[PDB]
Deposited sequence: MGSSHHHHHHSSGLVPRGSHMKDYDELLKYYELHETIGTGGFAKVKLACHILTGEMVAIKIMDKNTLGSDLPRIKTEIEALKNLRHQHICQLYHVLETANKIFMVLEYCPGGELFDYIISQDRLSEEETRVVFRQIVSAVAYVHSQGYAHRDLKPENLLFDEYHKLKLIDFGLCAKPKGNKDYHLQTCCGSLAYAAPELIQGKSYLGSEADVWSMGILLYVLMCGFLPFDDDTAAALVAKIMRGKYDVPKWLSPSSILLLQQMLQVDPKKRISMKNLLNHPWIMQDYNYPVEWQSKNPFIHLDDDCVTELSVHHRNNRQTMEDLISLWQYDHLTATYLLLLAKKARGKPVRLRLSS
């Protein structure tokens, strides 16, 4: 049901077409700020509902310039609504297809932002496990924002040890997938590809792939370090952050740390919320500090975004 949602948000156009989910552009009424709302059906989700809730819980603990920001989670009889940072530039998937393949220097700029996000995810004790172009969006500055739940599919990006149900480290699986991503960025097609799941997979397990003639020697060396079938021989995130290829154009290690972490509550945002809710500062801070990802969380976070853009920190 939509009763609660529409008290807080005005719905605009659909932006996301999917199979288990829809995505709507929306306006957050109190702040006037645009958001994307992902709409998931519980019946559709079935016994994956508890897994989806565990992931939403993980997203609540991520705060990062290259990770899509969560504002609000609203659950009803049949739906879960996720209110997220609107990324207007669309999927990296569509960008790659539109350009054929990216120059080495553009792929480096983009790949550094992927590494930044993923390194941060690992630092917080998590792994993504479904990295692929459909799970990376561009914002209006053409900076990447990591998402999940975007839809042989992601089989082509799955690490061999992942593919055969065996024991694996999430971080190592993410490095493999980042290797596939690197290849597609520079080539515009997959390193392992086929018409059937059995064939695609055999290919993945063998680890052999063509090396198009336009790939630089240094690109080739990095790809072989990321696409090692044996996870033990795969390059670590530590060594990726300051890899020679990664630093070839911009001679600094990847800035993976959050640039915007939550330290203490922003006083200006607390002030505006206090006047609006007719509360004193202490009781308002106490409410916000629960971090329930309810409408209050959403309003706090959206006021914070307003302040970052130099806009009056004000509620309509």
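According to the record, no C-alpha positions are given for deposited positions 1-22, 174-188, 354-356, numbered from 1.
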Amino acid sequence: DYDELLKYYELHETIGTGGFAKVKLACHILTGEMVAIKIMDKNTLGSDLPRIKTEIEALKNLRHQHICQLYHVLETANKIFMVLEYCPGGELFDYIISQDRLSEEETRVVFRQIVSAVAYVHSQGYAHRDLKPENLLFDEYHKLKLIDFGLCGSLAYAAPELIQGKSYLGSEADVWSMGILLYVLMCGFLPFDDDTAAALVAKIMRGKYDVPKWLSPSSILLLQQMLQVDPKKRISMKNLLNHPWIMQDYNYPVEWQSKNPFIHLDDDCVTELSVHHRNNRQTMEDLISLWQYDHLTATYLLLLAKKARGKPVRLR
From here on, numbers count along this sequence of modelled residues.
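Take the two forms, superpose them, and find the largest set of C-alpha atoms that agree within 1.5 Å; that set is the rigid core.
In 6 other deposited structures of this protein, superposed by the rigid core, the C-alpha atoms of 69-77 lie farther from the shown form than the other of 69-77 and 154-162. With each structure aligned by its rigid core, the stretch whose Cα atoms sit farther from this model in 6 other deposited structures of this protein, between 282-290 and 26-34, is 282-290.
Coverage remark for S167: absent from the model in at least one third of the other entries compared whose chains are built on both sides. In the other compared entries of this protein that model both flanking residues, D266 has coordinates in every one, well short of a third left out. Stretch comparison (112-120 versus 97-105) by mean CA B-factor in the PDB entry places 97-105 on top. As the entry records it, the average C-alpha temperature factor is higher for 38-46, out of 38-46 and 251-259. Out of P133, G207, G179, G125, it is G207 whose C-alpha atom has the highest B-factor in the PDB entry. In this structure the maximum Cα B-factor among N78, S219, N239, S171 is found at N78.
For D148, the recorded CA temperature factor ranks within the middle third of the chain's modelled residues. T17: CA B factor in the highest third of modelled residues in this chain (values from the PDB entry). Among the modelled residues of its chain, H64 has a C-alpha B-factor that falls in the lowest third, as given in the PDB entry.
In the PDB entry, a CA B factor belonging to the middle third of its chain's modelled residues is recorded for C27. Per the PDB record, residue ranking by Cα B-factor puts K213 in the highest third of the chain.
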